[PDB]
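Just one chain follows, in the form deposited in one PDB entry, and it is written as structure tokens.
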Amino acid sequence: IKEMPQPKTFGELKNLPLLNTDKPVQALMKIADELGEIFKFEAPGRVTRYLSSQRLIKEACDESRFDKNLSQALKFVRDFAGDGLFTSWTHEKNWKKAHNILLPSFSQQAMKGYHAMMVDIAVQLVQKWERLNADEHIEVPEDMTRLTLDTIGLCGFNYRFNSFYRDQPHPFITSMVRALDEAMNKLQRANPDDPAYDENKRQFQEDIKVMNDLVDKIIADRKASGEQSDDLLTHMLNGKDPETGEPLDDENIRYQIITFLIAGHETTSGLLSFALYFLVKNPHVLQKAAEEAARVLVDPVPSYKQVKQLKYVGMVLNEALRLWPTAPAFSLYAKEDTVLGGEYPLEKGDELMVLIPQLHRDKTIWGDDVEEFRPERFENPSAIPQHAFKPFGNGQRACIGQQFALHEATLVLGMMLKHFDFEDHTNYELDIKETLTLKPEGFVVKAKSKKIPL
């Protein structure tokens, strides 16, 4: 049994000031590069261990030994996402109840029903870019966020954010973004009770009220109209858990909708932004993906079956998730006393953090060339060792949105590659901004139309 490395300390604050940065994931990645597959991290009243190797993470992903933990970040997000799926413990009644009711709404089969709505938003993006003048550029993560927010709004609850009609966000999104910022900002605070944070606290309660008031209204309005539109809100108002025989209540429905709007704004847009980043930095790869898009997408409007045929586009998206998993960490706790990797003894309740970008850089799995962008790593799914590739987390607490995110992203990237050539006109230097998620800040391109009608 070995003694675990630990990064540099700050007296009574232990390791906490290491999170005093706007790029804490990138900081934890550097520490893992220096210390290796496991390190201890201590704050006043808190210990966790950061895992980076497939060897240890495959053990952490054993659901008989470890369950999902709410990290401090998830506990602060729970002040507005409540006992929605993402911020509930596995043992809370509302977790399994919502999971049973919603799984069918998120299946690959259910994507056939969402396809038309996703095409509506995708075509708005392509039209935007077609309509730019020769001297203008594309603000990539800004546009991808407009698309992914609007898609979840229309598939989630038949609501149009109309993000392509606006520079300034919807009132709901102003409060959601500012609540998410406060939740992440509170991680690093040594003295959170200091009156310097009274205004932050006041503003946070106001933003929770805005989100609650606006979603509660959408739900009340739907119940009144009796309208049976094919969206997540209808499924949640009509669904019954086969286990309990119970439907979700209106409060839990509101938490699910806030949770989906977080995910729709934060995660899929990062994936699309990194994918386009890697393609413009790897023009041989962009040509392979552009050739597939041109060959497969033969109709003005892509069909569900055509999106399923975009294999190489799917490989580009998986290789973007390998290098920059846009939801880059999850947390586990030990169900019982156990020994991790024959070396590290854990007590019941001990917590683990999985650093997904480091897992995805494990040379024992991927080979020496782990920094190269090579979609061919994913030519064959079954060749990927179990628990090597975890951009959607683990087991029964894995992302319910995975099929949705990949269908949207494959559709969008396919249409972008059909309709435009791209130029990295500024020779962009990757700058990764961290919120809940990772995005390439300031990433801009020029698009030259191939002038193919919709």
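For clarity, a rigid core is taken as the largest C-alpha set superposing within 1.5 Å between two forms. Residue numbers here begin at 1 and follow the sequence given.
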Task: 421-429 versus 398-406 - which carries the larger mean C-alpha B factor in the record - done: 421-429
- [ ] Give the stretch, out of 47-55 and 381-389, with the larger mean C-alpha temperature factor in the deposited entry.
- [x] 381-389
Task: From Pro300, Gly314, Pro141, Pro328, residue of greatest CA B-factor - done: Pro300
TODO: Could you say which of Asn162, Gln72, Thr174, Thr259 has its CA atom at the highest B factor, as listed in the PDB entry?
DONE: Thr174
Open item on the list: Looking at the temperature factor on the CA atom of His115, which third of the chain's modelled residues does it land in?
Closed with: middle
TODO: Name the third of the chain's ranked CA B-factors that contains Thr268, choosing lowest, middle or highest.
DONE: middle
- [ ] Determine, from the deposited record, the chain-internal third of the Cα B-factor for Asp368: lowest, middle or highest.
- [x] highest
Task: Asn158, C-alpha B-factor rank within chain (lowest, middle or highest third) - done: middle
Task: CA B-factor ranking of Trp89, expressed as a third of its chain - done: lowest
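The next section is about a form of this same protein that is not shown, the form deposited in another entry.
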Open item on the list: To test your reading of the superposition: with the rigid core aligned, which of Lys112, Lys128, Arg295, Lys217 moves its Cα by 2 angstroms or more between this form and the one not shown?
Closed with: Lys217
Open item on the list: How about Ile173 - superposed on the rigid core, does its CA move between this form and the one not shown by 2 Å or more?
Closed with: yes
TODO: Look at the CA atoms of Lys217 and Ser163: state whether they lie closer or farther apart in the other entry than in this form, given a difference of 3 Å or more.
DONE: closer
